[PDB]
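To start, the structure under review is shown below, and the notes come after it.
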Amino acid sequence: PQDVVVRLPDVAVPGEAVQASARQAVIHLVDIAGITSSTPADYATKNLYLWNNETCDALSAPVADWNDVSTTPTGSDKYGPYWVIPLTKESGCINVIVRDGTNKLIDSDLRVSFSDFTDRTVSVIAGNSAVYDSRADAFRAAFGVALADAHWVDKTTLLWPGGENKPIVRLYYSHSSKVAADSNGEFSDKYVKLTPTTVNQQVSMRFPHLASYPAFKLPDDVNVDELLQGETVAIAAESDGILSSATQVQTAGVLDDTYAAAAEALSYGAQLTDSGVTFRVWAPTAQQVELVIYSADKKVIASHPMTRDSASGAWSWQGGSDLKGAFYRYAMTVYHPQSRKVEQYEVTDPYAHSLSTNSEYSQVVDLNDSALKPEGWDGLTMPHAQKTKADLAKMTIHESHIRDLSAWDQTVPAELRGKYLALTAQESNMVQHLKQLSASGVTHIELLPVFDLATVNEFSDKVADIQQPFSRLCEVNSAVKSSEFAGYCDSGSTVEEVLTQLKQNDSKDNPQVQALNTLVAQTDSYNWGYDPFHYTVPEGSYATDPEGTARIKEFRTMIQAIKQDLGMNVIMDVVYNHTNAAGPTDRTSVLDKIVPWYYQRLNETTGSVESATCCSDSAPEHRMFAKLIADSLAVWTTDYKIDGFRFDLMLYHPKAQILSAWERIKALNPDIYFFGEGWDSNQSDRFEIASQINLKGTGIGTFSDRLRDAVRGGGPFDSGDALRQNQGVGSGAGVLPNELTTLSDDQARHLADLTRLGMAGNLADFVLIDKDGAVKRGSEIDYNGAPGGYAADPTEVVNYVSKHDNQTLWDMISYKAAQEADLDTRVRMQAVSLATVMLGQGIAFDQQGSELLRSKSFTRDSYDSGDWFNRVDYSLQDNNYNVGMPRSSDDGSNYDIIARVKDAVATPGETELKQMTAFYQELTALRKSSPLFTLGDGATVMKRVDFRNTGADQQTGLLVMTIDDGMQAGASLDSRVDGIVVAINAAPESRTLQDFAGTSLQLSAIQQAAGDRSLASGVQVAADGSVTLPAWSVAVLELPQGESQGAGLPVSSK
Ligand SMILES: [Ca+2]
Ligand SMILES: [Ca+2]
Ligand SMILES: [Ca+2]
Ligand SMILES: [Ca+2]
Ligand SMILES: [Mg+2]
């Protein structure tokens, strides 16, 4: 109360010096440094550099010379100088650099658009790149709250660059209004005073990315709880109280430091107890939280102020058991820093376990009700074991989507198409096909998002799908009436029929199938679904009824049909790395409405929600989102009997957080498998990321992109001719070049190093002979500058050559195969490509439909390309190749290479699909045919797995792997063989192996049984034990085991 008062400068908010007249523009430079009076600093040395180019041309007399200082102010007053600037027209823009001498005062090349500011009278500030409509706007920005680069990281620490070595540094706070200079131009709100200090070790451990920040300390007795109830602003002033800066404050650090210990010990959601129903939501900053109860028809029937727990920041209320089945939301009164208002809105439960249609209301549910279980649910067992590393290694995954599975299948009842329940249609083509894949050794179905997505409208009246009349499309899609396809609104045919008609004159110059599908996408039922609305409710649109609990039992019914009828385990894709939206207004913003700025990751400076994932990046590094994630997985594990989880963008999570969720979930079922994908994240400055490298030895799997790229050819950024030039091992790199490629023998040999290493589990320490005949460890094989091998156990590696994202395997082969490769050869290229995965030691993963040569008509990113481009035809008429040019916005620069390559051979038909399916089941039956294929343990792999045909003189494209079951490896794991040879001859020539002469090698039984339909058809094992391999073939051979264990195929010490 003896304190210096922080205040604005004792001047009025400036008006405008001059308003531009006709064919003029005007620019003010607001001399804020000067208005902080003392010196009337002269403006002669101030000048404008001005020029025309092709974008902004409106200047009338540019002075192109850079060193000409002559463009000095037209005039000036106490707030600074201004410039009158002649122009050619009033519609356009002009380029401006602001200078003192030749020195830039604003580094950014400024541009003033006459579209934005129609009075072409604008203002700018030295050191700021923004262009304001008036000097008042600029003045208020300079002395107003801006950005959010202050971080209240624990109870008594504030990191803020803006306060560095200023004499006055304060935390201002206002419960009910936003902090602002009052009528006196003074900041009269309450404040805490901050004194300079040095960051803790514990704070630098928590926020390494902020450890260079100037630190400040809060009095030890500050009432933290009360400050976090409203707006908080950090302010810095000079010794006379004139404000230097004010910024908003990011509070997630202090929120964990104050509440997370207590709040972690509580359970959340609408919880059926024995004494009724307990509701609890975490809202440590909220002013009020009322529980609103809704009737079935969504009328308010009760509203309860909840009880705040002071230690946790959680709010709770207990009601009657009759509340089971009731709809509810939380009515929040809470300050949101993005809008700087105390907001009032109703939000669904982030811990919701049941919802109304389209997620508008959460719903009280007891998932343990036998009425939400199909008959026998409680005794449902894992058909495949996941205990030992060898168990895990046998995992053979079929990555599928709910509509991809059943949308086009006429043999699924119509009401079940695109539905969880399609999986119960035991006579359908789709289900019978999955049953046979299971019998042959596909072990796992992996589901694309079946949690509650945001992007499909669950109100069936608001949706039109291609099996329905075009008129319905025009009814629900207002853009169709004013499109080139409007005439079809009265046509009388379905949208699928119209798309069929559009194929005929579809081409790179008339991409009309795509053009119509783009509109169909906006309002169909189709999406991959990587758009989280609620993390722990099934998706509503995949139920026959999305209103209420029905989806819970239909979902479990599907889980039962997969494990029990189909005999496969079930993996869920999960997307904890982002939310669909944030802020206080978006319909699908849930977490960020209830605890604002806590669950999203924000830029350290502006406080904007980062979007590096695509969308609204979440903050799994914060304790209560880590809890939300683990609690969520727990429900999917226990109540839905999910056997494994695949994390989208896992490397946006801290390694420690993934490992913590894993230990928590292993406590419920120790056999649950975790894995994820990651290639992009640069969150390394904030924490140790859950990456391929950092996860060595943890037992968390990661998708490997090493064998993928090497066998497909190229990489995901390829476009244009590179898509054809970058051939892979599967499409003839080196051995069957196409007319565009320049791949050298050395490059092709490098691809074979990557593939072999992946077949041995992509281990860091696996020793192999490289392309030049040198000894190398896996970590020493280059993958675009990084260590290639990175795992400790093959169970940490998921191999694949096709997946839902990027082009299907078949479309890649169509891009890259030489013209002379005929259709039958392309089918074998598909099979040899998949043999490197299926016969490798890594866990085997594949896209639903590779066994049908699945195509997407070259679409590279089909997440919103509808039933049309994602079609899988289980009646086996074709593979959905050549059904139209793909989406132009993403594949348009590829139209030239598509048109060139597309019609090289005929489109696969029933004969090729059935042949591929046999190839596929052969490969999966081989993979599970001996324990040697799935050793599980890295040290065992290194002990037993070797390769022949290596070095600079290798026969290009021939992969020969040996797996030892003989004396030098230890126990005999397979009673019937002393060893196994895997020979993949991905080449146009027949090849002969002398490596095994004299050993009584013989072709495996499975392949001999397949006969002329085998991948090994035509293989010759001669008397002397030499082996002839046909072009484009896969052979699995074995050393038969005698009365006891033999010499097998010992690995050589290199
Ligand atoms: Ca103006
Ligand atoms: Ca949904
Ligand atoms: Ca869509
Ligand atoms: Ca044996
Ligand atoms: Mg960053």
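Residue numbering restarts at 1 for every chain of the structure tokens, chains are lettered A, B, ... in their displayed order, and ligands are numbered from 1 as they appear.
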Show me, as a JSON list (two decimals) with N, CA, C and O atoms, in the first residue's frame, the residues that have an atom within 7 Å of region 751-755 of chain A when counting only C-alpha atoms, minus same-chain residues fewer than 6 positions from it.
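Result file follows (part.json):
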[["chain", "number", "residue", "atom", "x", "y", "z"],
["A", 706, "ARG", "N", 11.04, -49.32, -41.78],
["A", 706, "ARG", "CA", 12.24, -49.76, -42.50],
["A", 706, "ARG", "C", 11.91, -50.80, -43.57],
["A", 706, "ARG", "O", 12.19, -50.60, -44.75],
["A", 707, "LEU", "N", 11.34, -51.94, -43.16],
["A", 707, "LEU", "CA", 11.04, -52.97, -44.14],
["A", 707, "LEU", "C", 9.94, -52.51, -45.10],
["A", 707, "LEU", "O", 10.04, -52.72, -46.32],
["A", 710, "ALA", "N", 11.42, -50.41, -47.75],
["A", 710, "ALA", "CA", 12.35, -51.16, -48.59],
["A", 710, "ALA", "C", 11.62, -52.10, -49.55],
["A", 710, "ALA", "O", 12.07, -52.30, -50.69],
["A", 711, "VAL", "N", 10.50, -52.67, -49.12],
["A", 711, "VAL", "CA", 9.76, -53.64, -49.92],
["A", 711, "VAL", "C", 8.74, -52.96, -50.83],
["A", 711, "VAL", "O", 8.51, -53.40, -51.96],
["A", 729, "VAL", "N", 11.84, -53.78, -53.29],
["A", 729, "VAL", "CA", 12.14, -55.21, -53.37],
["A", 729, "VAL", "C", 10.96, -55.99, -53.92],
["A", 729, "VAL", "O", 11.12, -56.93, -54.70],
["A", 770, "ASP", "N", 26.28, -56.78, -44.88],
["A", 770, "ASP", "CA", 25.58, -55.74, -45.61],
["A", 770, "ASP", "C", 25.85, -55.85, -47.11],
["A", 770, "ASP", "O", 26.46, -56.81, -47.59],
["A", 771, "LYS", "N", 25.40, -54.84, -47.86],
["A", 771, "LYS", "CA", 25.44, -54.84, -49.33],
["A", 771, "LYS", "C", 26.85, -54.89, -49.88],
["A", 771, "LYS", "O", 27.05, -55.33, -51.02]]
Can you check which parts of chain A lie within 8 Å of ligand 1? Per residue, the shortest pair of atoms and distance in Å to one decimal, counting only C-alpha atoms and all ligand atoms, sorted by chain and number, as a Markdown table.
| residue | atom | partner | partner_atom_place_in_ligand_line | distance |
| --- | --- | --- | --- | --- |
| A:19 | CA | ligand 1 | 1 (Ca) | 7.4 |
| A:117 | CA | ligand 1 | 1 (Ca) | 6.3 |
| A:118 | CA | ligand 1 | 1 (Ca) | 7.6 |
| A:119 | CA | ligand 1 | 1 (Ca) | 5.4 |
| A:120 | CA | ligand 1 | 1 (Ca) | 6.2 |
| A:121 | CA | ligand 1 | 1 (Ca) | 4.2 |
| A:122 | CA | ligand 1 | 1 (Ca) | 5.2 |
| A:123 | CA | ligand 1 | 1 (Ca) | 7.9 |
| A:132 | CA | ligand 1 | 1 (Ca) | 7.6 |
| A:133 | CA | ligand 1 | 1 (Ca) | 4.1 |
| A:134 | CA | ligand 1 | 1 (Ca) | 4.7 |
Go ahead and save the residues from that selection, with N, CA and C atoms, as a PDB file, in the first residue's frame.
ATOM      1  N   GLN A  19      -6.375  11.307 -42.353  1.00  0.00           N
ATOM      2  CA  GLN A  19      -7.125  10.277 -43.051  1.00  0.00           C
ATOM      3  C   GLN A  19      -6.812  10.398 -44.534  1.00  0.00           C
ATOM      4  N   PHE A 117      -8.434  -2.917 -44.824  1.00  0.00           N
ATOM      5  CA  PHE A 117      -8.643  -1.553 -44.337  1.00  0.00           C
ATOM      6  C   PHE A 117      -9.099  -0.661 -45.488  1.00  0.00           C
ATOM      7  N   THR A 118     -10.413  -0.453 -45.592  1.00  0.00           N
ATOM      8  CA  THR A 118     -10.956   0.245 -46.751  1.00  0.00           C
ATOM      9  C   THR A 118     -10.749   1.760 -46.698  1.00  0.00           C
ATOM     10  N   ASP A 119     -10.377   2.327 -45.543  1.00  0.00           N
ATOM     11  CA  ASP A 119      -9.962   3.728 -45.501  1.00  0.00           C
ATOM     12  C   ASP A 119      -8.465   3.905 -45.746  1.00  0.00           C
ATOM     13  N   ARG A 120      -7.748   2.805 -46.036  1.00  0.00           N
ATOM     14  CA  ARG A 120      -6.311   2.780 -46.367  1.00  0.00           C
ATOM     15  C   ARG A 120      -5.497   3.735 -45.498  1.00  0.00           C
ATOM     16  N   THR A 121      -5.836   3.776 -44.206  1.00  0.00           N
ATOM     17  CA  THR A 121      -5.167   4.585 -43.192  1.00  0.00           C
ATOM     18  C   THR A 121      -4.836   3.660 -42.031  1.00  0.00           C
ATOM     19  N   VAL A 122      -3.562   3.305 -41.896  1.00  0.00           N
ATOM     20  CA  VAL A 122      -3.156   2.222 -41.018  1.00  0.00           C
ATOM     21  C   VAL A 122      -2.012   2.707 -40.144  1.00  0.00           C
ATOM     22  N   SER A 123      -1.708   1.918 -39.116  1.00  0.00           N
ATOM     23  CA  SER A 123      -0.708   2.291 -38.126  1.00  0.00           C
ATOM     24  C   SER A 123       0.138   1.076 -37.777  1.00  0.00           C
ATOM     25  N   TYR A 132      -2.484  -2.181 -37.848  1.00  0.00           N
ATOM     26  CA  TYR A 132      -3.757  -1.839 -37.228  1.00  0.00           C
ATOM     27  C   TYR A 132      -4.557  -0.851 -38.074  1.00  0.00           C
ATOM     28  N   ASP A 133      -5.863  -0.785 -37.794  1.00  0.00           N
ATOM     29  CA  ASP A 133      -6.751   0.121 -38.514  1.00  0.00           C
ATOM     30  C   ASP A 133      -6.689   1.552 -37.990  1.00  0.00           C
ATOM     31  N   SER A 134      -6.121   1.775 -36.807  1.00  0.00           N
ATOM     32  CA  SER A 134      -6.040   3.120 -36.256  1.00  0.00           C
ATOM     33  C   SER A 134      -4.902   3.176 -35.253  1.00  0.00           C
TER      34      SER A 134
END
Review point. What do you get as a ChimeraX atom specification if you pick all residues at most 12 Å from ligand 5, counting only C-alpha atoms and all ligand atoms?
Key: /A:207-210,601-613,617,619,652,681-687
Point to revise | Among listed residues A:921, A:929, A:862, A:956, nearest ligand 3 (using only C-alpha atoms and all ligand atoms) | key: A:862
Ligand 4 neighbours within 6 Å using only C-alpha atoms and all ligand atoms, as a JSON list (two decimals) with N, CA, C and O atoms, in the first residue's frame:
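To be explicit, this is the file written out as out.json:
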[["chain", "number", "residue", "atom", "x", "y", "z"],
["A", 965, "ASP", "N", 17.39, -74.79, -35.47],
["A", 965, "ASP", "CA", 16.89, -75.57, -34.34],
["A", 965, "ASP", "C", 17.87, -76.67, -33.94],
["A", 965, "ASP", "O", 17.47, -77.65, -33.31],
["A", 972, "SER", "N", 15.78, -78.00, -28.79],
["A", 972, "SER", "CA", 14.95, -78.14, -29.98],
["A", 972, "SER", "C", 13.57, -77.60, -29.65],
["A", 972, "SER", "O", 12.85, -78.17, -28.83],
["A", 973, "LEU", "N", 13.19, -76.48, -30.29],
["A", 973, "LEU", "CA", 11.87, -75.89, -30.05],
["A", 973, "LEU", "C", 10.80, -76.54, -30.90],
["A", 973, "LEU", "O", 9.61, -76.47, -30.55],
["A", 974, "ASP", "N", 11.19, -77.17, -32.00],
["A", 974, "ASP", "CA", 10.28, -77.82, -32.93],
["A", 974, "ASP", "C", 10.66, -79.28, -32.98],
["A", 974, "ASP", "O", 11.80, -79.61, -33.34],
["A", 975, "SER", "N", 9.75, -80.17, -32.58],
["A", 975, "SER", "CA", 10.13, -81.57, -32.52],
["A", 975, "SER", "C", 10.50, -82.11, -33.89],
["A", 975, "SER", "O", 11.28, -83.06, -33.98],
["A", 976, "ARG", "N", 10.02, -81.49, -34.95],
["A", 976, "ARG", "CA", 10.08, -82.13, -36.25],
["A", 976, "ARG", "C", 11.15, -81.60, -37.18],
["A", 976, "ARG", "O", 11.37, -82.22, -38.23],
["A", 977, "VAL", "N", 11.81, -80.49, -36.86],
["A", 977, "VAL", "CA", 12.85, -79.99, -37.74],
["A", 977, "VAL", "C", 14.06, -79.58, -36.92],
["A", 977, "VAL", "O", 13.96, -79.23, -35.74],
["A", 978, "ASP", "N", 15.23, -79.68, -37.55],
["A", 978, "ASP", "CA", 16.47, -79.15, -37.02],
["A", 978, "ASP", "C", 16.76, -77.75, -37.55],
["A", 978, "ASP", "O", 17.74, -77.13, -37.13]]
Could I get the residue neighbourhood of ligand 3 at 8 Å, counting only C-alpha atoms and all ligand atoms, as a tab-separated table (two decimals) with N, CA, C and O atoms, in the first residue's frame?
chain	number	residue	atom	x	y	z
A	455	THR	N	-16.80	-36.68	-36.13
A	455	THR	CA	-16.99	-36.12	-37.46
A	455	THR	C	-18.15	-36.74	-38.25
A	455	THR	O	-18.60	-36.12	-39.22
A	456	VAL	N	-18.68	-37.89	-37.85
A	456	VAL	CA	-19.87	-38.46	-38.49
A	456	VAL	C	-21.11	-38.02	-37.70
A	456	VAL	O	-21.13	-38.11	-36.46
A	520	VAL	N	-20.25	-36.02	-51.61
A	520	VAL	CA	-20.80	-37.14	-50.86
A	520	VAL	C	-20.07	-37.30	-49.53
A	520	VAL	O	-20.68	-37.72	-48.53
A	521	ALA	N	-18.77	-36.95	-49.49
A	521	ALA	CA	-17.98	-37.12	-48.27
A	521	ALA	C	-18.51	-36.25	-47.15
A	521	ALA	O	-18.58	-36.69	-45.99
A	522	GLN	N	-18.91	-35.02	-47.47
A	522	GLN	CA	-19.29	-34.06	-46.44
A	522	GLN	C	-20.47	-34.55	-45.60
A	522	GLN	O	-20.61	-34.16	-44.45
A	523	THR	N	-21.31	-35.44	-46.15
A	523	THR	CA	-22.55	-35.79	-45.47
A	523	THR	C	-22.85	-37.27	-45.48
A	523	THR	O	-24.02	-37.65	-45.29
A	524	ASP	N	-21.86	-38.13	-45.72
A	524	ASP	CA	-22.09	-39.56	-45.60
A	524	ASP	C	-21.75	-40.02	-44.18
A	524	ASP	O	-21.44	-39.21	-43.30
A	525	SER	N	-21.81	-41.34	-43.97
A	525	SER	CA	-21.48	-41.97	-42.70
A	525	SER	C	-20.01	-42.37	-42.61
A	525	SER	O	-19.65	-43.10	-41.68
A	526	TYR	N	-19.17	-41.94	-43.56
A	526	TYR	CA	-17.83	-42.49	-43.68
A	526	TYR	C	-16.79	-41.56	-43.09
A	526	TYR	O	-16.74	-40.37	-43.43
A	527	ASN	N	-15.92	-42.12	-42.24
A	527	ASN	CA	-14.65	-41.51	-41.85
A	527	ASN	C	-13.81	-42.58	-41.14
A	527	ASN	O	-14.36	-43.44	-40.46
A	863	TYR	N	-9.13	-41.18	-45.89
A	863	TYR	CA	-9.86	-41.12	-44.62
A	863	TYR	C	-11.29	-40.63	-44.80
A	863	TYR	O	-12.15	-40.94	-43.97
A	864	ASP	N	-11.55	-39.85	-45.85
A	864	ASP	CA	-12.85	-39.23	-46.11
A	864	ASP	C	-13.26	-39.46	-47.56
A	864	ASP	O	-14.02	-38.67	-48.13
A	865	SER	N	-12.74	-40.52	-48.18
A	865	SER	CA	-13.09	-40.84	-49.56
A	865	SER	C	-14.24	-41.82	-49.68
A	865	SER	O	-14.43	-42.39	-50.76
A	866	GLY	N	-14.98	-42.06	-48.59
A	866	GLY	CA	-16.28	-42.72	-48.66
A	866	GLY	C	-16.23	-44.22	-48.94
A	866	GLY	O	-15.18	-44.84	-49.08
Counting only C-alpha atoms and all ligand atoms, which residues of chain A sit at most 6 Å from some atom of ligand 2, and what is each one's closest atom pair with its distance in Å to one decimal, listed by chain and rising residue number, as JSON lines?
{"residue": "A:358", "atom": "CA", "partner": "ligand 2", "partner_atom_place_in_ligand_line": "1 (Ca)", "distance": 5.5}
{"residue": "A:452", "atom": "CA", "partner": "ligand 2", "partner_atom_place_in_ligand_line": "1 (Ca)", "distance": 4.3}
{"residue": "A:453", "atom": "CA", "partner": "ligand 2", "partner_atom_place_in_ligand_line": "1 (Ca)", "distance": 4.1}
{"residue": "A:454", "atom": "CA", "partner": "ligand 2", "partner_atom_place_in_ligand_line": "1 (Ca)", "distance": 4.9}
{"residue": "A:539", "atom": "CA", "partner": "ligand 2", "partner_atom_place_in_ligand_line": "1 (Ca)", "distance": 4.9}
{"residue": "A:540", "atom": "CA", "partner": "ligand 2", "partner_atom_place_in_ligand_line": "1 (Ca)", "distance": 5.1}
For the selection you just gave me, I'd like the residues written to a file as a short mmCIF file (atom, residue, chain, number, x, y, z; two decimals), in the first residue's frame, keeping N, CA and C atoms.
data_model
loop_
_atom_site.label_atom_id
_atom_site.label_comp_id
_atom_site.auth_asym_id
_atom_site.auth_seq_id
_atom_site.Cartn_x
_atom_site.Cartn_y
_atom_site.Cartn_z
N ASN A 358 -25.42 -38.57 -31.22
CA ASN A 358 -24.48 -37.53 -31.60
C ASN A 358 -23.78 -36.88 -30.41
N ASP A 452 -15.91 -42.94 -29.55
CA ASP A 452 -16.87 -41.96 -30.06
C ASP A 452 -16.16 -40.89 -30.89
N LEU A 453 -16.28 -40.96 -32.21
CA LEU A 453 -15.70 -39.91 -33.05
C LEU A 453 -16.62 -38.72 -33.17
N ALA A 454 -16.04 -37.62 -33.62
CA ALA A 454 -16.78 -36.37 -33.70
C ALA A 454 -17.38 -36.11 -35.07
N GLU A 539 -18.47 -45.70 -30.67
CA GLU A 539 -19.05 -44.82 -31.68
C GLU A 539 -20.54 -45.11 -31.84
N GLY A 540 -21.32 -44.03 -31.96
CA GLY A 540 -22.77 -44.18 -32.04
C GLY A 540 -23.29 -44.61 -33.40
#
Exercise for review: Run DSSP on the backbone and grab whatever in region 62-276 of chain A lands in strand (DSSP E); send it over as a ChimeraX atom specification.
Suggested key: /A:75-77,80-86,93-100,103-104,110-113,121-125,150-154,157-159,168-174,191-193,195-197,215-217,231-237,243-250,269-273,276
Exercise for review: Have a look at CA of residue 718 (chain A) and CA of residue 614 (chain A) and let me know their distance in Å, one decimal.
Suggested key: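 Between these atoms lies a distance of 20.3 Å.
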**Study point:** DSSP alpha helix (DSSP H) residues within region 400-550 of chain A, listed as a PyMOL selection string
**Key:** chain A and resi 402-406+429-440+470-476+495-502+512-523+550
The selected residues should be written to file as a compact mmCIF listing (two decimals), in the first residue's frame (atoms: N, CA and C atoms).
# COMPACT_ATOMS: atom_id res chain seq x y z
N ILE A 402 -15.09 -50.45 -39.76
CA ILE A 402 -16.45 -50.99 -39.62
C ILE A 402 -17.22 -50.91 -40.94
N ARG A 403 -17.10 -49.80 -41.67
CA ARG A 403 -17.76 -49.72 -42.97
C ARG A 403 -16.98 -50.46 -44.05
N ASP A 404 -15.64 -50.38 -44.05
CA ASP A 404 -14.86 -51.17 -45.00
C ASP A 404 -15.29 -52.63 -44.98
N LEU A 405 -15.61 -53.16 -43.80
CA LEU A 405 -15.93 -54.57 -43.69
C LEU A 405 -17.24 -54.92 -44.38
N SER A 406 -18.32 -54.17 -44.10
CA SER A 406 -19.66 -54.63 -44.46
C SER A 406 -20.48 -53.71 -45.36
N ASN A 429 -20.72 -63.31 -46.90
CA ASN A 429 -19.41 -63.44 -47.54
C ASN A 429 -18.29 -62.90 -46.64
N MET A 430 -18.49 -61.68 -46.12
CA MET A 430 -17.45 -61.04 -45.33
C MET A 430 -17.07 -61.87 -44.12
N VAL A 431 -18.07 -62.33 -43.37
CA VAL A 431 -17.77 -63.07 -42.15
C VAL A 431 -17.15 -64.43 -42.47
N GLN A 432 -17.66 -65.11 -43.51
CA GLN A 432 -17.07 -66.39 -43.90
C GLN A 432 -15.63 -66.21 -44.35
N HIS A 433 -15.35 -65.10 -45.03
CA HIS A 433 -13.99 -64.83 -45.48
C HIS A 433 -13.05 -64.59 -44.30
N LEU A 434 -13.51 -63.85 -43.28
CA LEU A 434 -12.69 -63.63 -42.09
C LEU A 434 -12.47 -64.93 -41.32
N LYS A 435 -13.50 -65.77 -41.24
CA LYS A 435 -13.37 -67.06 -40.58
C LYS A 435 -12.30 -67.92 -41.25
N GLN A 436 -12.27 -67.93 -42.59
CA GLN A 436 -11.24 -68.72 -43.24
C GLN A 436 -9.86 -68.09 -43.06
N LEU A 437 -9.76 -66.76 -43.04
CA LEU A 437 -8.46 -66.16 -42.76
C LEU A 437 -8.00 -66.52 -41.35
N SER A 438 -8.93 -66.54 -40.40
CA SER A 438 -8.59 -66.94 -39.05
C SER A 438 -8.09 -68.37 -39.03
N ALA A 439 -8.81 -69.28 -39.69
CA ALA A 439 -8.40 -70.68 -39.69
C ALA A 439 -6.98 -70.83 -40.22
N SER A 440 -6.61 -70.05 -41.24
CA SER A 440 -5.27 -70.09 -41.80
C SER A 440 -4.21 -69.37 -40.96
N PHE A 470 -30.13 -40.49 -54.95
CA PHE A 470 -29.47 -39.19 -55.14
C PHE A 470 -30.33 -38.05 -54.60
N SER A 471 -31.65 -38.19 -54.66
CA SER A 471 -32.50 -37.14 -54.13
C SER A 471 -32.26 -36.95 -52.64
N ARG A 472 -32.11 -38.05 -51.90
CA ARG A 472 -31.75 -37.96 -50.49
C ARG A 472 -30.45 -37.18 -50.31
N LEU A 473 -29.48 -37.41 -51.19
CA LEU A 473 -28.24 -36.65 -51.13
C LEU A 473 -28.53 -35.16 -51.27
N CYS A 474 -29.33 -34.78 -52.26
CA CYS A 474 -29.64 -33.37 -52.46
C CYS A 474 -30.42 -32.80 -51.28
N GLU A 475 -31.26 -33.63 -50.65
CA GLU A 475 -32.03 -33.19 -49.48
C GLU A 475 -31.11 -32.79 -48.33
N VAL A 476 -30.08 -33.60 -48.03
CA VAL A 476 -29.24 -33.36 -46.86
C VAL A 476 -27.97 -32.58 -47.17
N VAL A 495 -26.96 -42.84 -55.58
CA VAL A 495 -25.68 -42.15 -55.78
C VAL A 495 -24.63 -43.12 -56.30
N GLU A 496 -24.62 -44.34 -55.77
CA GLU A 496 -23.72 -45.36 -56.29
C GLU A 496 -23.94 -45.59 -57.78
N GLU A 497 -25.20 -45.61 -58.24
CA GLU A 497 -25.46 -45.74 -59.67
C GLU A 497 -24.92 -44.54 -60.45
N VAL A 498 -25.06 -43.34 -59.90
CA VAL A 498 -24.53 -42.17 -60.60
C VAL A 498 -23.01 -42.22 -60.66
N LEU A 499 -22.36 -42.56 -59.54
CA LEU A 499 -20.90 -42.70 -59.55
C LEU A 499 -20.47 -43.75 -60.58
N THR A 500 -21.21 -44.85 -60.67
CA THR A 500 -20.91 -45.86 -61.68
C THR A 500 -20.97 -45.27 -63.09
N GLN A 501 -22.00 -44.47 -63.38
CA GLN A 501 -22.09 -43.84 -64.70
C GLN A 501 -20.92 -42.91 -64.94
N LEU A 502 -20.46 -42.22 -63.90
CA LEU A 502 -19.43 -41.20 -64.09
C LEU A 502 -18.06 -41.79 -64.43
N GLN A 512 -14.31 -36.60 -62.55
CA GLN A 512 -15.67 -36.29 -62.14
C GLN A 512 -16.22 -37.24 -61.09
N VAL A 513 -15.71 -38.48 -61.03
CA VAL A 513 -16.09 -39.36 -59.93
C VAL A 513 -15.65 -38.75 -58.60
N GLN A 514 -14.39 -38.36 -58.54
CA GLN A 514 -13.86 -37.65 -57.38
C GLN A 514 -14.66 -36.39 -57.06
N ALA A 515 -14.99 -35.61 -58.10
CA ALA A 515 -15.66 -34.33 -57.90
C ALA A 515 -17.00 -34.52 -57.19
N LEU A 516 -17.76 -35.54 -57.58
CA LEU A 516 -19.01 -35.81 -56.89
C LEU A 516 -18.78 -36.42 -55.50
N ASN A 517 -17.82 -37.35 -55.38
CA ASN A 517 -17.53 -37.99 -54.09
C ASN A 517 -17.17 -36.97 -53.03
N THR A 518 -16.42 -35.93 -53.41
CA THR A 518 -16.10 -34.84 -52.50
C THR A 518 -17.33 -34.29 -51.80
N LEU A 519 -18.42 -34.12 -52.55
CA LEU A 519 -19.66 -33.69 -51.93
C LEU A 519 -20.29 -34.79 -51.10
N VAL A 520 -20.25 -36.02 -51.61
CA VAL A 520 -20.80 -37.14 -50.86
C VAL A 520 -20.07 -37.30 -49.53
N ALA A 521 -18.77 -36.95 -49.49
CA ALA A 521 -17.98 -37.12 -48.27
C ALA A 521 -18.51 -36.25 -47.15
N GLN A 522 -18.91 -35.02 -47.47
CA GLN A 522 -19.29 -34.06 -46.44
C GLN A 522 -20.47 -34.55 -45.60
N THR A 523 -21.31 -35.44 -46.15
CA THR A 523 -22.55 -35.79 -45.47
C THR A 523 -22.85 -37.27 -45.48
N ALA A 550 -27.81 -48.78 -26.22
CA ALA A 550 -27.85 -49.90 -27.17
C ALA A 550 -26.47 -50.19 -27.77
